[PDB]
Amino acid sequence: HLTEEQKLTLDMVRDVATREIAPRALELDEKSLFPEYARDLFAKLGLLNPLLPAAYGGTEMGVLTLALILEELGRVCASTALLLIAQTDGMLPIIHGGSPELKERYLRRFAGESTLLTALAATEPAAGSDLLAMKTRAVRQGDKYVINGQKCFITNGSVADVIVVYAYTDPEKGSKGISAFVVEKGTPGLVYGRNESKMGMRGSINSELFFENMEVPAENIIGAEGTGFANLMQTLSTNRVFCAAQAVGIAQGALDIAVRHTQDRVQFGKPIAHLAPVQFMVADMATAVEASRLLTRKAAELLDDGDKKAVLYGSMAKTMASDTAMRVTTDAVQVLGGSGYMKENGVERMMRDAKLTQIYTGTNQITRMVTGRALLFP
């Protein structure tokens, strides 16, 4: 059952999504804007940092609540849902790995109505699916770590006030040689590259980062040296459920437009909703959205429960929800016919946005591998 606080938060999110976020979505994509209005509004409503612990002035809502929020935002603006995914994802390594000292030092600035942003920087040109191939190095030198390397596809990378950077402290130790570091905006040696032009989720920032003899305090390390890969893998287990929730939302939003169109669009003397093939298309789309929603909610509940099964169910939810978003948005454009292909009608943007969900937070090939390995090697 949902708590009264969860129900109040979700009623507020649904209201904000409908009244404020949905009317802004077309322009956000058309002009490739960072959702500054949404970011500031969310900060004021206490929606920007839902997983920030109560100890650091946060709402500490849990994974299920954020999954429900993401579905609501994904329904109207995938890019606005991405802001919340990147924001929570950027602080999870600190919340789950940081010492009490590091947590107080860096989480406090995100308290209450703070508008400060986070980012997670793991991916590199040489390390996408193969994260162990990352080349960024962190070398201890007195009271500092000297970081040299690069990162790419970093959501909110160039605007984040706090970035969690993964780097090898010992390349010879492989999966036991990566460490995680808090890197602040304004650190000398932190260089911003290009903001890449994407097919979809255009109302976002996706940055290249360069570290050129970047010195960070030795006390900025998250956990012990060599525990970074485990910290990253734990963070990915959670963010895959966020991706799943956003994909369920995208699929639902596209389905809602398709359904309304079948009721209003008249061909062959009646609304197209009267045609059996249109009914079958809508039946298949809705069934896949509901199945993806149930898998996602189960995975989110398991994460909140600290259940080991969360890895398997989150991997299933991510694969199915994103494949469903791709298939449903492709069919929603189809249901609208020619009008579906027009930018003014939104479903084409939802289709472009959907494609990213199959790729980021780990591709659906990697998530099928994670699922298969969990099933065959329990």
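Just count from 1 along the sequence shown to find any residue number.
Student: Pick between 353-361 and 17-25: the one whose mean CA B-factor in the entry is higher.
Tutor: For C-alpha atoms only, the mean B-factor is higher in 17-25.
Student: Highest mean C-alpha temperature factor of the two stretches 212-220 and 256-264, which is it?
Tutor: Comparing averages over the C-alpha atoms only gives 212-220.
Student: Name the residue from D130, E301, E101, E124 with the greatest C-alpha temperature factor listed in the entry.
Tutor: That would be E101.
Student: Please pick out which of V282, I272, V139, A81 has the largest Cα B-factor as recorded in the entry.
Tutor: Within the set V282, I272, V139, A81, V139 shows the top C-alpha B-factor.
Student: Lowest, middle or highest third: where is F242 by C-alpha B factor in its chain?
Tutor: Answer is lowest: the recorded C-alpha B-factor places it there.
Student: Taking the C-alpha B-factors as the PDB entry records them, is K308 in the lowest, middle or highest third of its chain?
Tutor: Within its chain, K308 is a highest-third residue by C-alpha B-factor, going by the deposited values.
Student: Could you place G90 in the lowest, middle or highest third of its chain by Cα temperature factor, using the values in the record?
Tutor: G90: CA B-factor falls in the middle third of its chain.
Student: Taking the chain's C-alpha temperature factors as the reference, tell me which third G200 falls into: lowest, middle or highest.
Tutor: CA B-factor rank for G200: middle third.
Student: Among the chain's modelled residues, which third holds the C-alpha B-factor of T287?
Tutor: For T287, whose C-alpha B-factor we compare with every modelled residue in the chain, the answer is the lowest third.
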